[PDB]
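Single chain ahead, by itself, as structure tokens, in the form deposited without the named molecule.
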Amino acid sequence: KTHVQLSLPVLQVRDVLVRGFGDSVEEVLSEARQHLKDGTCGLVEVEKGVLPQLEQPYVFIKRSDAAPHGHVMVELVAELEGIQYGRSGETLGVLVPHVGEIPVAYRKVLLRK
């Protein structure tokens, strides 16, 4: 399938134990896609002071369209020193590994895979 319905656990930035997916734009996108497939991916909602508490490169989910079955359609865009790799809509949040942190919510998304 080109798209996969996922429910992403929304984590508070100060709870997150593993604050990024790796060390290159290509690695963080690879790792983000593997974690999304394995159900081991969390979402941090971006507000003032969140991103400086996380590790670059960042992986964003961005709205790719204006929402089947409650699931907002999204795609991945990475960012490193102010340059983005990809072009998409509004940021739903930043992706991080999930290693058992208690979420505050779930975000239903349709991921272009």
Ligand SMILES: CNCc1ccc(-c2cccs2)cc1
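The first residue of the sequence shown is number 1, and the count goes up from there.
Here the subject shifts to the form solved in complex with the named molecule, a form of this protein not shown in this document.
Placing the named molecule by C-alpha superposition of the site, using its position in the bound PDB entry, leaves the pocket open: no ligand atom lies within 2.4 Å of backbone or C-beta atoms here. The candidate spot formed by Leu11, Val44 and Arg107 lies out of contact with the named molecule in the bound PDB entry, as no residue has a heavy atom within 4.5 Å of it.
Interface membership of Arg33, defined by any non-hydrogen atom within 4.5 Å of the named molecule in the bound PDB entry, is confirmed.
Though the partner is left out of this view, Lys37 does reach within 4.5 Å of the named molecule in the bound PDB entry, counting heavy atoms only. Contacts between stretch 81 to 113 and the named molecule, counted in the bound PDB entry as any heavy atom lying within 4.5 Å, involve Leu111, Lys113, listed in sequence order.
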